[PDB]
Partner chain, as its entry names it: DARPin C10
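A single chain comes next, written as structure tokens; it is the form solved without its partner chain.
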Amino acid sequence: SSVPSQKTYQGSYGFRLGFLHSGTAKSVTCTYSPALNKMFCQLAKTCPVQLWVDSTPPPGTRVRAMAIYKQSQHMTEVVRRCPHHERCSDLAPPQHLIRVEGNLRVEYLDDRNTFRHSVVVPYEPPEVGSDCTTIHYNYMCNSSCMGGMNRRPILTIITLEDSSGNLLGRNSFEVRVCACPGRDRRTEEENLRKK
């Protein structure tokens, strides 16, 4: 399938993503490495992503998430839930990797041409006095799942899009869904330093 752009596009609204701290304890549920721009998280647990903007987006703006493989040689393959976690799946079709929890207006899409999956929620401006809005994503496979990601790293691309379809902002982060997010983040940062 055709490859969506992953290139950062901060646009005129100064769109940026924020992530909590939660540190590097062995199986913390979700931890983000700024050095690697990489979230590390457990399957089927909340991943909070914050949306920051410099100016208010117009009414009807939507926030899309889609996963693509990071490596050149996998980039044209659609990222999907492996057959085991699809089967004993359960709103979200069981073939989608990324879900949003807690949003009565979530739309799950399958592109009719590229067959790529995405999940979309409306943009809501932060609470009357606050600095960002948070969306709760869930990844429903480990990166290692045989017959899904199969140990291939992915990027999640978050785009902010007006109701006309215009791209307003785009940012992406690498994701590793694993049993021990603290162990693995520390290992990868230390590999970056040594190698």
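Numbering follows the first chain given and starts at 1.
The following text describes the form solved in complex with its partner chain, which does not appear among the structures shown.
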| property | result |
| --- | --- |
| Partner contact for residue 39 in the deposited complex: its partner chain, 4.5 angstroms, heavy atom | no |
| Residue 17 within 4.5 Å of its partner chain in the deposited complex, heavy atoms | yes |
| is_contact(residue 53, its partner chain) in the deposited complex, heavy atom dist at most 4.5 Å | yes |
| Heavy atom contacts to its partner chain in the deposited complex at 4.5 Å, residues of 164 to 195 in sequence order | 185 |
